[PDB]
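Listed next as structure tokens is one chain, alone, in the form deposited in one PDB entry.
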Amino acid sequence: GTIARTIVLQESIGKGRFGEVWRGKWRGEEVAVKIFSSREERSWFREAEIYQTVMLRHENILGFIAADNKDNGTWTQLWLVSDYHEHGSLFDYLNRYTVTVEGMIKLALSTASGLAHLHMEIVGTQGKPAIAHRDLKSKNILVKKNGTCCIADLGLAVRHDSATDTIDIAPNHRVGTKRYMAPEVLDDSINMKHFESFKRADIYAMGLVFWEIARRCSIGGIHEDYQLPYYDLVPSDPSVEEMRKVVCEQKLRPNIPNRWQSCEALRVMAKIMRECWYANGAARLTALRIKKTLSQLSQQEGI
């Protein structure tokens, strides 16, 4: 179509489960293009559907431009065009850099603000359904030039119909990255007919991402090396069984260093992590509550 024909692909930057991500140029500006083959049409269409949800746009949600198709004369490519963020993922950012107390708060509050907007139902003519991500992780969050995050990779999301309390694609199987799966997803006790259960599982995963950020917070030159949550307990690419034995049976969570109590911002962060990590989803903080707590902290620090 009219958009893809005017885009020039400059570099393939990532090759994932579904689709390949490229850095392209559109009307002189850098954009990201996720490309799917003809046999991945269902995944492409579902991601285009989620990104076109009414009232989705938010500073902490990846900005979607358009779906399109491009025929090179041999095969058709299915495209999803979105804003480009040079820093890439929060995972890449945390591996490359340490952050200040200000930096940590900015990354955490922006993530929580984006998740609170996804989770929020807006009632009305141009209403927004509540959405649960189902695959929140540091590799699925991007960092903007201004040091704030935006949630990306929304292709596995589910949307709620509040009038009937039903889910648009009626999920009946576990999806997502195994390392970030909530205890109830790992042991399959989650009620997949209950939308609020998917919101609570996203909060558990957000708590894990907060732990990744807080390790990289450098105060008086003291910080931890970058690690994925559970690096000390499971192998790379862990199985559901490996994760379940640690999270559900032994009931372990990532370690919270006692020295995080020595700094007020790290103390607030550690308390949020614990209150995201409860085995009972109903006891977890909401994204809106976390946004409120971190907003109070950002105001105190003068960010």
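Numbering starts at 1 and follows the sequence shown. For the two forms, the rigid core is made up of the largest set of C-alpha atoms that agree within 1.5 Å on superposition.
In none of the other PDB entries of this protein that model the residues around it does residue 146 lack coordinates, well short of a third. Residue 191, present in the displayed chain, carries coordinates in each of the other PDB entries compared that cover both sides of it, far from a third leaving it out. Stretch comparison (173-181 versus 110-118) by mean CA B-factor in the PDB entry places 173-181 on top. In this entry, 267-275 has the higher mean Cα B-factor, the comparison being between 53-61 and 267-275.
Remark: of 38, 250, 239, 262, 262 shows the highest value [criterion: C-alpha B-factor in the PDB entry]. Per the deposited record, 96 carries the highest C-alpha B-factor of all listed residues (144, 199, 137, 96).
Split the chain's modelled residues into thirds by C-alpha temperature factor. Residue 88 is in the middle one. Per the deposited record, the Cα B-factor of residue 12 falls in the middle third when ranked against the other modelled residues of its chain. Looking at the C-alpha B-factors along this chain, the one for residue 229 belongs to the lowest third. Among the modelled residues of its chain, residue 101 has a C-alpha B-factor that falls in the highest third according to the deposited record. Among the modelled residues of its chain, residue 131 has a C-alpha B-factor that falls in the lowest third according to the deposited record.
As for the form deposited in another entry, it is not shown, yet the points below apply to it.
Core-based superposition between this form and the one not shown leaves all of 146, 162, 76, 189 but one with CA shifts under 2 Å; the exception is 76. After superposing the rigid core, the Cα of residue 38 is displaced by 2 Å or more between this form and the one not shown. After superposing the rigid core, the Cα of residue 55 is displaced by 2 Å or more between this form and the one not shown. Relative to what is shown, residue 72 and residue 11 are farther apart in the other entry; their C-alpha atoms differ in spacing by at least 3 Å.
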